[PDB]
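Participant: Can you read through this structure? Questions will come right after.
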Amino acid sequence: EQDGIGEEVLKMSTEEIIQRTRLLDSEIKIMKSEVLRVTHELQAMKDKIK
Amino acid sequence: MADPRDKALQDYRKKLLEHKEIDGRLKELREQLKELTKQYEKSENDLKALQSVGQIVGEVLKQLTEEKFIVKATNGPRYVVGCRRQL
């Protein structure tokens, strides 16, 4: 976490405005899609196992 | 005026907290998948094993021809029976 703190401190504008926000948005979208797919598959497989 | 460094640090902390929460949700889902994969494998194996019939156990008394044997079931009766080809 020291590297992250140093980055967010030294580079307040060159990373937060463009890099951090876009990386976080892409990650959150990818994990949301993954969670939705996993939930659908889990529901179908649970119906099958019932 | 709040410092831009402080604003960036607070935003990073909030984003990290949200990422940790979603990672906890993903870990719960991964544990669910791990358990349910084995549970479904076991259920499928049980369903497959249900549709299997046994086999009478007997003793061979004599071979009459290539495809004809005299077999005595442990029950008592004696039968003339065939033999599976690749045996």
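The chains in the structure tokens are called A, B, ... from first to last as shown; in each chain the residues are counted from 1, and the ligands are counted from 1 in the order shown.
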What are the residues of chain B lining chain A at 10 Å or less? Count only C-alpha atoms, and put the answer as a PyMOL selection string.
Facilitator: chain B and resi 3-13+15-16+18-19+22-23+25-26+29-30+32-33+36-37+39-44
Participant: Residues of chain B classed as strand (DSSP E) by DSSP on the backbone are to be reported as JSON, numbers by chain.
Facilitator: {"B": [58, 59, 60, 61, 62, 63, 64, 65, 68, 69, 70, 71, 72, 73, 78, 79, 80, 81]}
Participant: Write the residues of the preceding selection, restricted to N, CA and C atoms, as a short mmCIF file (atom, residue, chain, number, x, y, z; two decimals), in the first residue's frame.
Facilitator:
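This went into part.cif:
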data_model
loop_
_atom_site.label_atom_id
_atom_site.label_comp_id
_atom_site.auth_asym_id
_atom_site.auth_seq_id
_atom_site.Cartn_x
_atom_site.Cartn_y
_atom_site.Cartn_z
N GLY B 58 -22.89 -66.97 -10.86
CA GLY B 58 -23.03 -68.39 -11.08
C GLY B 58 -21.68 -69.06 -11.24
N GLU B 59 -21.73 -70.37 -11.46
CA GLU B 59 -20.54 -71.18 -11.65
C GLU B 59 -20.64 -71.92 -12.97
N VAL B 60 -19.54 -71.95 -13.71
CA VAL B 60 -19.50 -72.63 -15.00
C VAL B 60 -19.21 -74.11 -14.76
N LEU B 61 -20.09 -74.97 -15.26
CA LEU B 61 -19.91 -76.41 -15.11
C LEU B 61 -19.23 -77.04 -16.31
N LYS B 62 -19.53 -76.56 -17.52
CA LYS B 62 -18.98 -77.17 -18.72
C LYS B 62 -19.25 -76.27 -19.91
N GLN B 63 -18.33 -76.30 -20.87
CA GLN B 63 -18.47 -75.59 -22.13
C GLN B 63 -18.87 -76.58 -23.21
N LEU B 64 -20.04 -76.37 -23.81
CA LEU B 64 -20.54 -77.30 -24.81
C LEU B 64 -19.97 -77.00 -26.19
N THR B 65 -20.04 -75.74 -26.61
CA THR B 65 -19.52 -75.30 -27.89
C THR B 65 -18.84 -73.96 -27.69
N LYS B 68 -21.69 -71.59 -26.11
CA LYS B 68 -22.67 -72.30 -25.30
C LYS B 68 -21.97 -72.85 -24.07
N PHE B 69 -22.40 -72.40 -22.89
CA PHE B 69 -21.86 -72.86 -21.62
C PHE B 69 -23.00 -73.32 -20.72
N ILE B 70 -22.69 -74.28 -19.86
CA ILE B 70 -23.61 -74.72 -18.81
C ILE B 70 -23.21 -74.01 -17.52
N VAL B 71 -24.13 -73.23 -16.96
CA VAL B 71 -23.86 -72.39 -15.81
C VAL B 71 -24.86 -72.73 -14.71
N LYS B 72 -24.38 -72.81 -13.48
CA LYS B 72 -25.20 -73.14 -12.32
C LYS B 72 -25.29 -71.90 -11.44
N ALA B 73 -26.45 -71.24 -11.48
CA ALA B 73 -26.68 -70.11 -10.59
C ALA B 73 -26.66 -70.59 -9.14
N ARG B 78 -29.82 -74.69 -13.22
CA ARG B 78 -28.74 -74.76 -14.19
C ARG B 78 -29.26 -74.34 -15.56
N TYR B 79 -28.50 -73.49 -16.23
CA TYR B 79 -28.90 -72.92 -17.51
C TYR B 79 -27.83 -73.19 -18.56
N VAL B 80 -28.27 -73.30 -19.80
CA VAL B 80 -27.39 -73.20 -20.95
C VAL B 80 -27.38 -71.73 -21.37
N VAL B 81 -26.19 -71.13 -21.41
CA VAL B 81 -26.07 -69.69 -21.61
C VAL B 81 -24.96 -69.40 -22.61
#
Participant: Residues of chain B in alpha helix (DSSP H) according to DSSP, as an MDAnalysis selection string?
Facilitator: chainID B and resid 4:50
Participant: Keeping only N, CA and C atoms, write the selected residues to a file as a short mmCIF file (atom, residue, chain, number, x, y, z; two decimals), in the first residue's frame.
Facilitator:
data_model
loop_
_atom_site.label_atom_id
_atom_site.label_comp_id
_atom_site.auth_asym_id
_atom_site.auth_seq_id
_atom_site.Cartn_x
_atom_site.Cartn_y
_atom_site.Cartn_z
N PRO B 4 -5.99 19.18 -3.02
CA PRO B 4 -6.18 18.15 -4.06
C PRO B 4 -5.57 16.82 -3.67
N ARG B 5 -4.44 16.83 -2.97
CA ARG B 5 -3.85 15.58 -2.49
C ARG B 5 -4.80 14.86 -1.54
N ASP B 6 -5.41 15.60 -0.61
CA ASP B 6 -6.37 14.99 0.31
C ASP B 6 -7.59 14.47 -0.43
N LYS B 7 -8.08 15.22 -1.42
CA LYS B 7 -9.22 14.76 -2.21
C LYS B 7 -8.89 13.46 -2.93
N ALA B 8 -7.71 13.39 -3.55
CA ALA B 8 -7.30 12.18 -4.25
C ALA B 8 -7.16 11.01 -3.29
N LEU B 9 -6.58 11.26 -2.11
CA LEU B 9 -6.43 10.19 -1.13
C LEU B 9 -7.79 9.67 -0.67
N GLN B 10 -8.74 10.58 -0.41
CA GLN B 10 -10.07 10.15 0.01
C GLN B 10 -10.77 9.37 -1.09
N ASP B 11 -10.66 9.83 -2.34
CA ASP B 11 -11.27 9.10 -3.45
C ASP B 11 -10.65 7.71 -3.59
N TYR B 12 -9.33 7.61 -3.47
CA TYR B 12 -8.67 6.32 -3.55
C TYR B 12 -9.11 5.40 -2.42
N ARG B 13 -9.24 5.94 -1.21
CA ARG B 13 -9.69 5.13 -0.08
C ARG B 13 -11.11 4.62 -0.30
N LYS B 14 -12.01 5.49 -0.77
CA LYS B 14 -13.38 5.06 -1.03
C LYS B 14 -13.43 4.00 -2.12
N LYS B 15 -12.65 4.19 -3.20
CA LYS B 15 -12.62 3.21 -4.27
C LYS B 15 -12.06 1.88 -3.78
N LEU B 16 -11.03 1.93 -2.93
CA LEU B 16 -10.47 0.70 -2.38
C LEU B 16 -11.48 -0.01 -1.49
N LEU B 17 -12.25 0.75 -0.70
CA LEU B 17 -13.28 0.13 0.13
C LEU B 17 -14.35 -0.54 -0.73
N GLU B 18 -14.79 0.14 -1.80
CA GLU B 18 -15.77 -0.46 -2.69
C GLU B 18 -15.20 -1.71 -3.36
N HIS B 19 -13.94 -1.66 -3.79
CA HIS B 19 -13.31 -2.82 -4.40
C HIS B 19 -13.21 -3.97 -3.41
N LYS B 20 -12.91 -3.67 -2.15
CA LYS B 20 -12.85 -4.72 -1.13
C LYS B 20 -14.22 -5.34 -0.91
N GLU B 21 -15.27 -4.52 -0.88
CA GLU B 21 -16.62 -5.06 -0.70
C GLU B 21 -17.00 -5.97 -1.87
N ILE B 22 -16.72 -5.52 -3.10
CA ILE B 22 -17.07 -6.33 -4.26
C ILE B 22 -16.20 -7.58 -4.31
N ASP B 23 -14.95 -7.49 -3.84
CA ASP B 23 -14.10 -8.67 -3.78
C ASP B 23 -14.62 -9.67 -2.74
N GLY B 24 -15.15 -9.17 -1.63
CA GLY B 24 -15.79 -10.06 -0.68
C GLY B 24 -17.01 -10.75 -1.27
N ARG B 25 -17.82 -10.01 -2.03
CA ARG B 25 -18.94 -10.63 -2.72
C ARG B 25 -18.46 -11.69 -3.71
N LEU B 26 -17.40 -11.38 -4.46
CA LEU B 26 -16.85 -12.33 -5.42
C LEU B 26 -16.30 -13.56 -4.72
N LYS B 27 -15.67 -13.38 -3.55
CA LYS B 27 -15.16 -14.51 -2.79
C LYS B 27 -16.30 -15.39 -2.28
N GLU B 28 -17.38 -14.77 -1.82
CA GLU B 28 -18.55 -15.55 -1.42
C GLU B 28 -19.10 -16.35 -2.59
N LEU B 29 -19.21 -15.71 -3.76
CA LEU B 29 -19.70 -16.42 -4.94
C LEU B 29 -18.74 -17.53 -5.35
N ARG B 30 -17.44 -17.30 -5.22
CA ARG B 30 -16.46 -18.32 -5.57
C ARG B 30 -16.55 -19.51 -4.63
N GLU B 31 -16.74 -19.27 -3.33
CA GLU B 31 -16.95 -20.37 -2.40
C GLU B 31 -18.24 -21.12 -2.73
N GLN B 32 -19.30 -20.39 -3.08
CA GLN B 32 -20.54 -21.04 -3.48
C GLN B 32 -20.31 -21.93 -4.69
N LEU B 33 -19.60 -21.42 -5.70
CA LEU B 33 -19.31 -22.21 -6.89
C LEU B 33 -18.45 -23.42 -6.56
N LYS B 34 -17.45 -23.24 -5.69
CA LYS B 34 -16.59 -24.35 -5.32
C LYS B 34 -17.39 -25.47 -4.67
N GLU B 35 -18.27 -25.12 -3.73
CA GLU B 35 -19.07 -26.14 -3.06
C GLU B 35 -20.06 -26.78 -4.03
N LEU B 36 -20.75 -25.95 -4.83
CA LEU B 36 -21.80 -26.46 -5.70
C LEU B 36 -21.25 -27.28 -6.86
N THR B 37 -20.03 -27.03 -7.31
CA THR B 37 -19.45 -27.86 -8.36
C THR B 37 -19.30 -29.30 -7.88
N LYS B 38 -18.73 -29.48 -6.69
CA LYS B 38 -18.58 -30.83 -6.14
C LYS B 38 -19.94 -31.44 -5.83
N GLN B 39 -20.87 -30.63 -5.29
CA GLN B 39 -22.19 -31.16 -4.98
C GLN B 39 -22.90 -31.64 -6.24
N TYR B 40 -22.78 -30.89 -7.34
CA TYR B 40 -23.42 -31.28 -8.58
C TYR B 40 -22.72 -32.47 -9.22
N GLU B 41 -21.40 -32.55 -9.09
CA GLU B 41 -20.70 -33.74 -9.56
C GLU B 41 -21.21 -34.98 -8.82
N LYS B 42 -21.36 -34.88 -7.50
CA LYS B 42 -21.88 -36.00 -6.73
C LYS B 42 -23.31 -36.35 -7.13
N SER B 43 -24.15 -35.33 -7.33
CA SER B 43 -25.53 -35.58 -7.72
C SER B 43 -25.60 -36.26 -9.09
N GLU B 44 -24.79 -35.80 -10.04
CA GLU B 44 -24.77 -36.43 -11.36
C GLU B 44 -24.29 -37.87 -11.27
N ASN B 45 -23.26 -38.12 -10.45
CA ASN B 45 -22.79 -39.48 -10.28
C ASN B 45 -23.87 -40.37 -9.68
N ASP B 46 -24.61 -39.85 -8.70
CA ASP B 46 -25.69 -40.63 -8.10
C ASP B 46 -26.78 -40.94 -9.12
N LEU B 47 -27.17 -39.94 -9.91
CA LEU B 47 -28.20 -40.17 -10.92
C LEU B 47 -27.74 -41.20 -11.94
N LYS B 48 -26.47 -41.12 -12.37
CA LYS B 48 -25.95 -42.10 -13.32
C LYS B 48 -25.91 -43.49 -12.70
N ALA B 49 -25.52 -43.59 -11.43
CA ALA B 49 -25.41 -44.89 -10.78
C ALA B 49 -26.77 -45.52 -10.51
N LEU B 50 -27.82 -44.72 -10.40
CA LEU B 50 -29.14 -45.29 -10.16
C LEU B 50 -29.55 -46.23 -11.29
#
Participant: Interatomic distance between atom CA of residue 57 of chain B and atom CA of residue 75 of chain B?
Facilitator: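 So the two atoms, atom CA of residue 57 of chain B and atom CA of residue 75 of chain B, lie 9.1 Å apart.
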Participant: Which distance in Å separates atom CA of residue 67 of chain B and atom CA of residue 83 of chain B, to one decimal?
Facilitator: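 It comes out at 5.9 Å.
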Participant: How many Å separate atom CA of residue 2 of chain A from atom CA of residue 29 of chain A?
Facilitator: 26.3 Å
